[PDB]
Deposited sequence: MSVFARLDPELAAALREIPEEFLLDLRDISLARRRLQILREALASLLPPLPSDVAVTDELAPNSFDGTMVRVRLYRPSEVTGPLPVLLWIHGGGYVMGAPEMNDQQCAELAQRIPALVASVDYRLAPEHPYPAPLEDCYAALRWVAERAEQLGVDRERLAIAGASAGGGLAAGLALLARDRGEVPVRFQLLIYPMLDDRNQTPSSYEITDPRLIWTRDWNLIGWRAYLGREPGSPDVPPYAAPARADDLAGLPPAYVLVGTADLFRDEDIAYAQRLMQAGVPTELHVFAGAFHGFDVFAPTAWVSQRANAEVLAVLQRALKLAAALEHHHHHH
């Protein structure tokens, strides 16, 4: 009944999750250590996984970038900068090792996954400047990394899709690093929590609720959600001028808190002349693609993300 608006296969996947495994953002610290304990087929043997460090001139820190290199392939590689989710307050690149290694192999591409700092300890702009530092490092060291600087895509899921959208705006405005494509998977990109869908999801059995969203945005901004003059890099839904952004793909489910902000952002990209594909999946919840990967709709989503990245990052 909490599951009533879901694709029946997705409802069945969500029913098999024990109540004690669901997110509780009362205590960020517990939710994290509980999540990392939770997580723990092995990774492809033709993908080399290494950790590198990128200088961040924001505060002079070093950002860890986890690289996934397809060992088989020859010639220079396109690159996918991947940004993980977790509501700006949790997650690590390791949570997406499986997906990143699969994309490295199948695109094929060098996948560079950003170990960005978390809120509330490191609010905006720190986590986005971490992503920008990673992007700048890939671009600058392209020949050393054996990548084509002109085939640089950025991608993220949820909070990571918000960071990816804000990275596209920030990269465009700074005029240093060209970005070929942006792949936004159910991006968390509107702090205001005023869309119809932002009121529709309140039960923690649906993964990401309005209550979790308010806590995540409050931590990330260090300001109340919907505060005046939140920078467009922090909450891309607020960005007025979207002209000259990279070609985009946006995916979201109809049973996602972010349905309405994701549709509005994709439509505004289109109205600013940015080439944009938008796919809204019927009865799909937040994280359906990774929490229920055997569902017919999840397989369609995962096959499509691969197909659009193959096409976008393909040599001319």
Regions of the deposited sequence not represented in the model: 1, 42-47, 324-333
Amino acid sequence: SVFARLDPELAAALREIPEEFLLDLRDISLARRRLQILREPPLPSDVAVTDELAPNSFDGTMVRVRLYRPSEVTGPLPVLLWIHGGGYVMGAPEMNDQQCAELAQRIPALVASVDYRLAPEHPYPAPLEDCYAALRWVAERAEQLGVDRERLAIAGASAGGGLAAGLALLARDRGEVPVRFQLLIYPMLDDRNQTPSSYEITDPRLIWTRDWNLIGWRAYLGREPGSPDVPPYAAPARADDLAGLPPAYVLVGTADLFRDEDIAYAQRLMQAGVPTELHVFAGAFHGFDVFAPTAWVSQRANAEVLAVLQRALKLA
From here on, numbers count along this sequence of modelled residues.
For the higher mean C-alpha B factor in the entry, choose 226-234 or 96-104. 96-104
Mean Cα B-factor check, 162-170 vs 202-210, entry values; winner is 202-210
Options 150, 115, 190, 129 - largest CA temperature factor per the record: 150
Of the residues 28, 257, 284, 274, the one whose Cα carries the largest B-factor in the deposited record is 28
For residue 267, the third of its chain into which the C-alpha B factor falls: lowest
Which third, lowest, middle or highest, does the C-alpha temperature factor of residue 279 belong to within its own chain? lowest
Assigned third (lowest, middle, highest) for the C-alpha B factor of residue 261: lowest
Lowest, middle or highest third of the chain for the C-alpha temperature factor of residue 155? middle
Going by the CA temperature factor in the PDB record, which third of the chain does residue 42 belong to: lowest, middle or highest? highest
